[PDB]
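Geometric and topological summary
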Amino acid sequence: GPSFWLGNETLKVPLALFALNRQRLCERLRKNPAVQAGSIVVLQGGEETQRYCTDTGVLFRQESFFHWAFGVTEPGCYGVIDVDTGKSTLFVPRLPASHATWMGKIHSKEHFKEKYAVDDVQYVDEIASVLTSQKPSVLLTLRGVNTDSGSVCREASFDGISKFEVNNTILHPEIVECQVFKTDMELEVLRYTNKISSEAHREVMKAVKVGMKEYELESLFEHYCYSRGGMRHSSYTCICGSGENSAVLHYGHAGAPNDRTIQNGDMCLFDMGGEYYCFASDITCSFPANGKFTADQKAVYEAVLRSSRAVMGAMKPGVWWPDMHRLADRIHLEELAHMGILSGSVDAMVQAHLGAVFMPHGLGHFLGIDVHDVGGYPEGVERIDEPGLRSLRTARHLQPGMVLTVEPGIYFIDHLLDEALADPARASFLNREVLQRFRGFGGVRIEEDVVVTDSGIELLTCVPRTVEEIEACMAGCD
Amino acid sequence: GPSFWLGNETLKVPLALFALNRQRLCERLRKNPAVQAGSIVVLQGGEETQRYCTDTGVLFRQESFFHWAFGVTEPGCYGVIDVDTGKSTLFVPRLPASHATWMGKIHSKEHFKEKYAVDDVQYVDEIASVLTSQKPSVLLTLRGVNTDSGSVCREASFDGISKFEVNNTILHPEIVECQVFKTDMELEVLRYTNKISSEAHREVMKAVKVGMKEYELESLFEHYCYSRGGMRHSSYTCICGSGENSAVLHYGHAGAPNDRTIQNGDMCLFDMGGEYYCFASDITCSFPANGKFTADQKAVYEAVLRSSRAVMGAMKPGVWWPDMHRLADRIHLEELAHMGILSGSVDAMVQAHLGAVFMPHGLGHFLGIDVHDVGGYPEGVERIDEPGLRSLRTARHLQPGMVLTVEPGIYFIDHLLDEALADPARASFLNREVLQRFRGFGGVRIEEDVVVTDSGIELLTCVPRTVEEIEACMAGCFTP
Ligand SMILES: CC(C)C[C@H](N)C(=O)O
Ligand SMILES: CC(C)C[C@H](N)C(=O)O
Ligand code: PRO
Ligand code: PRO
Ligand SMILES: [Mn+2]
Ligand SMILES: [Mn+2]
Ligand SMILES: [Mn+2]
Ligand SMILES: [Mn+2]
């Protein structure tokens, strides 16, 4: 069958991937007792946009649910799926003649059918007529709440939909649940995105020099990913935090735009991940700017390396993800105690939630078409109201096929440290004279992408991780 | 005063630039009979956004009117200007403590006042209270229609604005008219954006090899602009058209994403421009993929080069822009005839609008903070209802301070050529035995950025343009 491909050494992605997703979705819906026979899934693709009221086009990136089901790259489409038969129909815009001048070839419906390997293709302006001829019982549309953004996903609409029976409650939980579990074809793409991004991280580590601006490495990373990987988009805005900026978790946005000069003695925390055909990667590398870990830097870094490997070593089906978060917490506290930053009973530290002072984010999250993938908190899965754990993007138990990030970290964040020092229940553990040396240190995060298997996990990421590996890589000439 | 700067060799842009814009706006408004004392201009900045319903942040780029007035890079702000005094107040978001953990330092209001050199800084939630205490006559908000996109620019709104007297008709044409004329400080930035983008185009010409994907050069261009120029954004999606794709004017979008393999014999048309601190550049270079112009390629290319230089040579204050478009049309028709593609009376060809078959777009457009800058069609200025000319983004007369693109091109577009061949009023001019050789040629566009001056123009762009210059550049080796 046909495949998406950007030539050279880029990955060929079979369109069968999306056909399988459609089949899996139909299979799940059929088993839902509330789903009537003759139901049709109706999805609306993303539309082209411009900057504000200007004529400046924004580069189109497909809506995630629509991509998952159809893999369509063109704006302005709809896509439907007959639940009972699994038959798929793509609706494409009927373009004006002038499109041939300004935008490119006006492809036939048959072209799109062959390109996407769907059962039928029609024009968007005929959707009401086509659906009417099928005489559906009900249209299943997509509406629900994303548990990371809090945004409501807006359901499909077209002129004449009001004359149909529409249900907007059933579909969202079901398609979300399908996305949580990656097919072998999906895993092939995620292996690829990790491969390219890992390569790019390596090039960045080799390229870093004292005196460079953070954004120079952002630029290099994205250039490697695009030119060598065909990754026109990143999965998220590159986080290139040097020195104290490595303590800022999502540094790099417009308000803090990777504009610090890298200095001798800085730690770097680079969290960057290219996107290929709307599939994510999410990788963080931490390393000394000058290529040589100091004693303090080595201690903090190896603490996180320890929690990283411990979590990965423990992960397998049935494991409760919050237990992994607490494992990482305990390890960090043990190591910070060994360093002399902390003193006392680690058990008591844990009881006082001291771990969250140093890791004020969740251990990791589902990853897929989105960097923070859907399905972390389905109905019946509750968020844990404790420091650190409340920032977990899922509280589920691990099952085979899930793709998760493993991203423990340790940071020295002033307002969190100050809060702890003011609290008698936590201050007693902190050795102020030692901690003072680590003010402005920033932080370390080690972030891997992994897949849950029947017996454990598969690691997708491949970057240098031990102190020796990192120093060797950075000293590389070629 | 303070300056915007991304270090290394990037441009220091004084915040005085935006102070001058605010002053100029006020000075214009004070002369407007519709403006009464005690008026306050109220602008709303862009807000941060995400992809669809996801948690994936979109990199924030400031709204253009707000940038012109304040130069603010942070999302979620408002800005007001007291017309009578010119006093400026920036409103910044009141951030949650957790911002310190995830996004970074929670800067003080004083930090922002010092950063942007405004007269006062307040929190956004206080805007109603602060404006109330000032006892304005009327709030002047921004609403109008962009004549390129057709979009309505939405006016500022805040909780309690309904308690105020609001006018949304006065401001838009006035701020637009200020934007049309670039200050010396603004020109410094556009010189810079052209410098970096020109350097990047040159690096691309040196690097292009047969067998590469078009997007490899897109990537390289943007990497040069960001890493060397501090240009995090491009001014528009890169157009990297090779072979027949060079006939597609805005090739490179999601539907045609620069994904063709460059072949020996192809012409390349690369239209790319980095953006620095929300100021545009807009440059097109055309060249043979293999670094050697064929005879046919040289002829088409030099035809566009002739019209480019003719227009640039003719441009000066008082010139009517549509006349420059017609000048380009005439030169293209002359040269296509000199090539044997066309035969007959060139005067007759012009009367039949034959030029539009080969250049089905406007000669050029205003440029500034937006690549297609505002103000091309103010009240009174009409769009000419003829092929080609109707696509002009302005029909104004040239005056000093205007910044325009000069981007003639010649393309071989099948459905337009076929229309002409089926039209008795046009068909006889076309020599099929020669034209057939140029089917699938693609096209050539030569795009420069210029400033209208008292004496003519200032050319901002600095790339190789003659056949000799281009072949040298591609060989790794010019005078504008
Ligand atoms: C918005 C972009 C497609 C503009 C294009 N670079 C031009 O010459 O007008
Ligand atoms: C910036 C965020 C959207 C994603 C971030 N890279 C993470 O590890 O979660
Ligand atoms: O957003 C998240 O969940 C991870 C943890 C901190 C960095 N990114
Ligand atoms: O859109 C415009 O006006 C110019 C002319 C063709 C290429 N871009
Ligand atoms: Mn990450
Ligand atoms: Mn992550
Ligand atoms: Mn242009
Ligand atoms: Mn252009």
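Attention shifts here to the packing of aromatic side chains. One pair of aromatic rings is described through two measures. These are the centre distance and the angle between the planes. All names here are of chain A. Counted by the stated rule, this structure contains 26 aromatic pairs over all chains. Aromatic side chains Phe 438 and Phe 441 sit 5.8 Å apart centroid to centroid with 40° between the ring planes, which places their arrangement in the tilted category. Taking the relative accessible area as the measure of exposure, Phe 438 reaches 1% and is therefore buried. Among the residues examined, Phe 441 registers a relative accessible area of 13% and is labelled buried.

This paragraph deals with the coordination of the manganese ion (ligand 5). Residues and elements named next belong to chain A. Protein ligation of the manganese ion (ligand 5) involves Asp 271 (OD), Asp 271 (OD), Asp 282 (OD) and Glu 447 (OE), the donor distances falling in the range 2.1 to 2.3 Å. Classification of the site at the manganese ion (ligand 5) as irregular follows from its six donor atoms and the range of 58 to 177° in their angles at the metal. Taken in chain order, the donor set of the manganese ion (ligand 5) reads D-x10-D-x164-E.

Residue and element names in this part refer to chain A. The strand order across the open sheet built from six strands is β8-β7-β6-β3-β9-β12, with neighbouring strands paired in mixed fashion. Pairing within the sheet leaves two strands with one partner each, and these edge strands are β8 (120-123) and β12 (166-167). As judged from the three bridges shared by strand β3 (residues 39-44) and strand β9 (residues 138-140), these two strands associate in the parallel manner. Bridging from a neighbouring strand, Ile 40 pairs with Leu 139 of β9. Taken strand by strand, helix α1 (residues 16-30) contacts β3, β6 (78-82), β7 (88-92) and β9, and its axis lies near 50° from that of β6.

Residue and element names in this part refer to chain A. Strands sit in the order β14-β15-β17 across an open sheet of three strands; the sheet is antiparallel. Looking at the sheet topology across the chains shown, the edges are occupied by β14 (239-242) and β17 (283-288). Across the sheet, the mean angle separating the axes of adjacent strands is 10° when strand polarity is ignored. Together, β15 (267-272) and β17 form the strand contacts of helix α7 (residues 184-207), whose direction differs from that of β17 by roughly 15°.

This paragraph deals with the site of ligand 2. Residue and element names in this part refer to chain A. Inspection of the region around ligand 2 gives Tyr 236, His 250, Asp 271, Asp 282, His 365, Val 371, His 372, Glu 407 and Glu 447 as its neighbouring residues. At 3.1 Å, a side-chain N or O of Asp 282 approaches an oxygen atom of ligand 2. In this structure, an oxygen atom belonging to ligand 2 sits 2.6 Å away from a side-chain N or O atom of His 372. Bound to the protein, ligand 2 loses 93% of the 290 Å² it would expose on its own. For the shell around ligand 2, the per-class residue count stands at two nonpolar, three polar and four charged.

The partner chain B presents 73 residues to the 74 residues of chain A that form the contact. Considering only the surface of chain A that becomes buried against chain B, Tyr 52, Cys 53 and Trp 102 of chain A emerge as the three largest contributors, covering 13% of it. The tally of links from chain A across to chain B stands at six salt bridges. Residues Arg 393 of chain A and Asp 55 of chain B are paired through a salt bridge, measuring 3.5 Å at the closest nitrogen-oxygen approach. The tally of links between chain A and chain B comes to 30 residue pairs in polar contact.

Moving on, we get to the domain arrangement of chain A. All names here are of chain A. One can read the domain layout of chain A as domain 1 (1-180) and domain 2 (181-478). Put simply, the middle of domain 1 and the middle of domain 2, counted by C-alpha atoms, are 34 Å apart. Listed as interface residues are 34 residues of domain 1 and, on the opposing side, 32 residues of domain 2. Between domain 1 and domain 2 lies a buried interface of about 2800 Å² when both sides are counted; carbon and sulfur atoms form 61% of it. Of all residues in domain 1, the largest losses of buried area upon contact with domain 2 belong to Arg 61, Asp 148 and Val 180, amounting jointly to 24% of the total for that side. Put simply, domain 1 and domain 2 have three salt bridges between them. The partner of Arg 396 in a salt bridge is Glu 177, with the nearest N and O atoms 2.7 Å apart. Counting every contact that joins domain 1 to domain 2 gives 16 residue pairs in polar contact.

Let us now look at the coordination of the manganese ion (ligand 6). Residue and element names in this part refer to chain A. Coordination sphere of the manganese ion (ligand 6), protein contribution only: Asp 282 (OD), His 365 (NE2), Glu 407 (OE) and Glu 447 (OE), at 2.1 to 2.3 Å. Spacing between the donor residues of the manganese ion (ligand 6) along the chain follows D-x82-H-x41-E-x39-E. The manganese ion (ligand 5) is placed at 3.3 Å from the manganese ion (ligand 6), the two being bridged by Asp 282. Taken as a pair, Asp 282 in the loop between β16 (274-275) and β17 and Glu 447 in the loop between β20 (443-445) and β21 (448-452) lie far apart in primary sequence, 165 residues in all. Assigned by exposure class, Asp 282 and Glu 447 land together as buried.

We now examine the nonpolar core. Ranked by size, the top nonpolar core spans 123 residues in total, and within it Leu 90, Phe 270, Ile 341, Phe 358 and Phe 412 of chain A carry the most contacts. At eight residues, the largest contribution of residues to this core is made by α7 of chain A. When residues are assigned to domains, this core turns out to be shared by domain 1 (1-180) and domain 2 (181-478) of chain A, each giving three or more. Counting 120 residues, the second largest nonpolar core, distinct from the first, contains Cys 178, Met 267, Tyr 276 and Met 339 of chain B.

Let's shift gears to the packing of helix α8 (residues 214-229) of chain A against helix α8 (residues 214-229) of chain B. Where α8 of chain A meets α8 of chain B, the closest approach of the two axes is 9 Å, and the angle between their N-to-C directions is 180°. Relative to α8 of chain B, the element α8 of chain A lies roughly antiparallel. Listed contacts from α8 of chain B to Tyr 215, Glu 216, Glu 218, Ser 219, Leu 220, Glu 222, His 223, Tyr 226 and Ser 227 of chain A of α8 of chain A are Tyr 215, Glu 216, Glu 218, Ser 219, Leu 220, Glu 222, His 223, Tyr 226 and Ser 227 of chain B. The residue inventory of the contact of α8 of chain A with α8 of chain B, partitioned by class, reads six nonpolar, six polar and six charged.

Quick look at unusual backbone geometry now. All names here are of chain A. Here the phi dihedral of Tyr 52 falls at roughly 50°; this positive angle occurs in a residue that is not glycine. Tracing the backbone shows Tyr 52 in the loop between β4 (49-50) and β5 (57-58). Phi is positive for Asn 258, which is not a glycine, with a value near 50°. For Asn 258, the location among the structural elements is in the loop between β14 and β15.

In this section: the state of the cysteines. With the rule as written, the count across this model stands at two disulfides over all chains. Two residues share a disulfide in this structure: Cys 53 of chain A and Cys 153 of chain B, whose sulfurs sit 2.1 Å from each other. On the sign convention where negative means left-handed, the S-S torsion of about 80° between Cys 53 of chain A and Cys 153 of chain B marks this disulfide as right-handed. Of this pair, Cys 53 of chain A sits in the loop between β4 and β5 while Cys 153 of chain B sits in strand β11 (residues 152-153), placing the two residues on different chains. Each member of the pair, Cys 53 of chain A as well as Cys 153 of chain B, is classed as buried. The disulfide partner of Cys 153 of chain A is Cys 53 of chain B, and the gap between their sulfur atoms is 2.1 Å. Disulfide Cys 153 of chain A to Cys 53 of chain B: torsion about the S-S bond roughly 85°, handedness right-handed. Taken together, the positions of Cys 153 of chain A in strand β11 (residues 152-153) and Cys 53 of chain B in the loop between β4 (49-50) and β5 (57-58) put the pair across two chains.

All names here are of chain B. With respect to the secondary-structure elements, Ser 137 resides in the loop between α5 (127-134) and β9 (139-140). With a relative accessible area of 26%, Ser 137 lands in the partly exposed category. As a C-alpha pair, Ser 137 and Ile 40 span 97 residues in sequence and 7.9 Å in three-dimensional space. The residues contacting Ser 137, other than those within four sequence positions of it, are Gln 36, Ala 37, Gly 38, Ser 39 and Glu 165. Only 3.4 Å separates the side chain of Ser 137 from the backbone nitrogen of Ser 39, close enough to count as a polar contact.

Turning to the UniProt feature "binding site: Mn(2+) 1" in chain B, a few remarks are in order. Residues and elements named next belong to chain B. As annotated by UniProt and renumbered to match this structure, "binding site: Mn(2+) 1" occupies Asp 271, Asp 282 and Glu 447. Spanning 177 residues, the annotated positions come together in the fold, the maximum distance between their C-alpha atoms being 8.0 Å. With respect to the helices and strands, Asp 282 occurs in the loop between β16 (274-275) and β17 (283-288). Turning to its location among the elements, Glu 447 is positioned in the loop between β20 (443-445) and β21 (448-452). Overall, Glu 447 belongs to the buried group, its relative accessible area being 0%. What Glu 447 contacts, discounting residues up to four positions off in sequence, is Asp 271, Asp 282, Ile 283, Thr 284, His 365, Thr 405, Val 406, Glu 407 and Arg 465. Within the structure, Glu 447 has its side chain in polar contact with the side chain of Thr 284 (distance 2.8 Å).

Parameters and conventions
As presented, residues are numbered from 1 along each chain according to the written sequence, a scheme that may differ from that of the entry, and residues lacking coordinates are left out. Each chain gets a letter, beginning with A, and each ligand a number, beginning with 1, in the order they are written. Working from all heavy atoms in the structure, the side-chain values ignore hydrogens and water. Any two rings among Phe, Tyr and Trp, with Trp reduced to its six-membered ring, count as a pair given centres within 6.5 Å; such a pair is stacked if its planes are under 30 degrees apart, edge-to-face if over 60, and tilted if neither. Relative accessibility thresholds used throughout: buried, under 20% of the residue-type maximum; exposed, over 50%; partly exposed, between the two (1.4 Å probe, protein chains only). Only N, O and S atoms count as donors, using a 2.8 Å limit from the metal and a wider 3.2 Å limit for Na, K and Ca, and since water is excluded some coordination spheres may look unfilled. Labels for metal geometry use angle windows, namely 85 to 135 degrees for all angles of a four-donor tetrahedral site, and for square planar (four donors) or octahedral (six donors) sites opposite donors over 155 degrees apart plus all others within 65 to 115; sites meeting none of these are irregular. Whether two strands pair comes down to DSSP finding at least two bridges between them. Helix and strand assignments come from DSSP, with helices taken as H or I runs of at least 4 residues and strands as E runs of at least 2, each series counted from the N terminus. By definition, residues are in contact when any of their heavy atoms lie within 4.5 Å. Axes here mean lines fitted to C-alpha atoms, for a helix over just the part in contact, with angles spanning 0 to 180 degrees between N-to-C directions. Residues are labelled near a given molecule or strand when at least one of their non-hydrogen atoms is within 4 Å of it. Whenever a nitrogen or oxygen atom comes within 3.5 Å of another N or O atom, the pair is scored as a polar contact, on the condition that within protein one atom can donate a hydrogen and the other can accept it, and that pairs from neighbouring residues in sequence are kept only if both atoms are in side chains. Per-residue and other accessible areas were derived by the Shrake-Rupley procedure at a 1.4 Å probe size, with only the shown protein chains allowed to occlude residues. Only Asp, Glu, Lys and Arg are considered charged, only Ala, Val, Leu, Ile, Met, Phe, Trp, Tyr, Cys and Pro nonpolar, and every remaining residue, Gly among them, polar. Accessible area, probed at 1.4 Å, shrinks when two parts are joined; the buried area is that loss added up over both. Any carboxyl oxygen of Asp or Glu within 4 Å of a side-chain nitrogen of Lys or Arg constitutes a salt bridge here. Domain segmentation is taken from an automatic or database assignment of domains. In this description, a nonpolar core means a group of buried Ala, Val, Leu, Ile, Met, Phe, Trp, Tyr and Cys residues linked to one another through side-chain atoms lying within 4.5 Å. Should an angle lie under 35 degrees it is considered roughly parallel, over 145 roughly antiparallel, and from 65 to 115 roughly perpendicular; all remaining angles are considered oblique. Criterion for a disulfide: a pair of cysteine sulfur atoms at a distance within 2.5 Å. UniProt positions are given in the numbering used here, feature names are shortened, and annotations may be inferred rather than shown by experiment.

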